[PDB]
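Below, in structure tokens: the form deposited without the named molecule, a single chain.
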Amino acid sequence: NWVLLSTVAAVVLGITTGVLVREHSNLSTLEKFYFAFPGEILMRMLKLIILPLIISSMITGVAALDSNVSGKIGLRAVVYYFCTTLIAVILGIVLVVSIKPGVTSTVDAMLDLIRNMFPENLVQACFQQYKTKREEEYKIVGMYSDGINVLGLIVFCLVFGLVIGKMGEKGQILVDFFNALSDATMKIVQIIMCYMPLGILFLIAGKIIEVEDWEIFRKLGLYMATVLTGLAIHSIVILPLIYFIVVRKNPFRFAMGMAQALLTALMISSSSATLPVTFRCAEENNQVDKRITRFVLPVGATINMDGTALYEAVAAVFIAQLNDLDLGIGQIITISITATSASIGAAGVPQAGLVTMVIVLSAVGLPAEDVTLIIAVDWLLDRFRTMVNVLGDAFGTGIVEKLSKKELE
């Protein structure tokens, strides 16, 4: 594949250029800023595109989710993809606080989630964010600090996406305007990813120059041991339990029937690319009828956020812990809800692991140029994330036969 091979060949040459400058020359504090300029322009190019990508892919992802939730079968998969998303948020927050990869009020930060879901302006929500601060027996002021409001542009586009879906023929030009705006801002991300090999070369090399000790290669080992532990309690302990609670039919036999599509997800790392394969393995091996697989698998490519909350919401807390933030427990729930929501906006993006992380790091107020620690090993962890998304969707096929049995007639 091109986009995988070229990114690995730019991480290898990024470390090759990176140690042949710090151990072979000596740059100033200014010339280590001009050396990381082609990787600076990539971070401006990526933040440029997340505003028409959030707005267009949330409006069309939700206005096409209607008529894919027809009946009660499409409602008994929205409850399932919210019940295992909420457990994956709790499992991602617990595992990043217990392990703490990258080390050494709370009510006023949970009421800013609900304040930022409903902004006071839709144009200010594209570049500003409401943060409140207790001061003086106390009183409370609000500031509107900078940084994009991703939570309020997603709650509004989820409401605006439901309204124009149900409007019928009067709101067909609004679905057609944003379907074409979503196709046009996924062909610009394909143009940016033709520059992304050159940009991550000078982004990796600008980090190995400034790094003086190999402690950051240990915090990058405890990060892969928090993602591969979040994505191994979910595939072994959490999701085979949820199947066995309602469907008493041995969940380790269900996964062996899907072993052709689990092994295919380790080679592509894209859920919508092996979506023709997981259709072919579910019906023939597990003996499930086609009227419920065609109703939960198209909603399971928009709503299945089990893998994001264990990978991109552990990465975005690891970056925040890397900058010596204490974060409390109220700004961790702020991050893991912004990281889980931003993956619905970065829905079918080509390099959807890199783009989603630039959305959350720009939203929660972190340096987006710290994503180059994550894309060094993103090609290992995105393969295993979509093995959970394929296994999570396959258990979402065999669960809605059991709550929907009298509905099929």
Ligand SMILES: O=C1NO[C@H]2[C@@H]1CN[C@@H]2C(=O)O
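From 1 onward, residues are counted along the sequence shown.
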| item | value |
| --- | --- |
| Interval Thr104-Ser105, deposited residues with no coordinates in the entry (none, 1 to 3, 4 to 9, 10 or more) | 10 or more |
| Length class of the unmodelled deposited segment, which would lie between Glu169 and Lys170 | none |
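Only in words, not in the display: the form solved in complex with the named molecule, which the text now covers.
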query: Within 4.5 Å of the named molecule in the entry with it bound, all of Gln260, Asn286 and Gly398 (non-hydrogen atom); finding: no
query: Selected contact from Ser271, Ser235, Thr226, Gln129, since only one has a non-hydrogen atom within 4.5 angstroms of the named molecule in the entry with it bound; finding: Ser271
query: Per-stretch contact check against the named molecule in the entry with it bound, the hit in 276-284, 200-208, 217-225, 262-270 (non-hydrogen atom, 4.5 angstroms); finding: 262-270
query: is_contact(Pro367, the named molecule) in the entry with it bound, heavy atom dist at most 4.5 Å; finding: no
query: Partner contacts for 374-407, taking the named molecule in the entry with it bound and a 4.5 Å heavy atom cut-off; finding: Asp382, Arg385, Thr386, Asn389
